[PDB]
């Protein structure tokens, strides 16, 4: 069962849950999963009503791990208020800069995700589930295909699963190079065989999604929590970390740290602890200048003591931690973020289409020292006006991080003007 080469990302856990097996950089097959008591959560779940599973997941306080932090139980509840059939979708598009947390679950412990999909699908009455995995994760694709077959053979998928009368097939779809296909409505368009064009929201997918039917989309990491919630009960799960923002969380840490990799930690951990306590501090013991929360936010070195939770003052997002140190040029970094959004706007909305493009094009002129005064003023204006009329979150945030760098590092931008 040869898979393509995957770099061996470092992984460390204080909780031994999501990374119990995936802290080891290899495929864990169904017998190893079973030996660790895997699929007993599923068996337990199938002896429960859908309603009660939803209730446990709700009471667990589990929130979306794909960026927005929406309460998962609540999302499920909304779906099942709507007539079937219903569809369950695992979002494995993971394409935001700095973010590599989902793939280690996929590639090392696929049965944890599969088990979560089956439980979740049962909870919402979906008999057809999808994994949409980005095209640039080919090994993940083949690993999941093989794992699904393993699960079929042990009777965890197919018709009348373990005599429950519950039927499920999981189909694995591949992306083909569009970051936007991680946006849940564009993902659905892509599953329907079309271009990845976000739909106006509302309706949310739980009302109208795949083929216009009630659809739950959840992130890989979110789904991976579900077996634990069933296995240990919601009370014990909520005892993990702080009571409000409970449960394990994966933190993909890259840039100027000694130990770049994925860290499974509770969400009371501070950003400072992530970098210095777990990730081994900075390369060359240099001062931290900024942390980029993927391509979403930019924190200064004055903001290191924030909790890695979903609170208003917390780090939020996906817990993606890109560390820049004192010699890293912030304008050069912002250019890379601008370039990302230029490459990934789908172009449906005009301010987004032209704004992402002009933001990158003008910022490159600024960086190279070729910007006119008008180019400077134009850059500022365009950065502030990507969002208007936008129908998805890309347009809403394409200027966000770059604005934060302008506000938090004025002196460094001034150097480029003067």
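Numbering follows the first chain given and starts at 1. Basically, rigid core = biggest C-alpha set you can superpose within 1.5 Å across the two forms.
Fitting on the rigid core only, I'd like to know which of the two stretches, 112-120 or 198-206, ends up farther away in Cα terms in 7 other deposited structures of this protein. Relative to the shown form, the greater RMS C-alpha distance in 7 other deposited structures of this protein belongs to 198-206.
Between 114-122 and 80-88, point out the one with the higher average CA B-factor as the PDB entry records it. Result: 80-88.
Which has the higher mean CA temperature factor in the PDB entry, 94-102 or 149-157? The stretch with the larger mean CA B-factor is 149-157.
Choose from 164, 222, 190, 254 the residue with the greatest Cα B-factor as stated in the PDB record. That would be 164.
Go through 319, 175, 281, 182 one by one and give the residue whose Cα B-factor in the PDB entry is largest. Within the set 319, 175, 281, 182, 281 shows the top C-alpha B-factor.
Relative C-alpha B-factor of residue 342, binned into the chain's lowest, middle or highest third: For residue 342, whose C-alpha B-factor we compare with every modelled residue in the chain, the answer is the middle third.
Would you please rank residue 211 by its C-alpha temperature factor against the other modelled residues of its chain and give the third it falls in: lowest, middle or highest? For residue 211, whose C-alpha B-factor we compare with every modelled residue in the chain, the answer is the middle third.
Taking the chain's C-alpha temperature factors as the reference, tell me which third residue 301 falls into: lowest, middle or highest. Tercile = highest for this residue's CA B-factor.
Among the chain's modelled residues, which third holds the C-alpha B-factor of residue 402? Middle third of the chain for residue 402's C-alpha B-factor.
Quick check for you: using the entry's CA B-factors within this chain, is residue 71 in the lowest, middle or highest third? It belongs to the middle third of the chain when residues are ordered by C-alpha B-factor.
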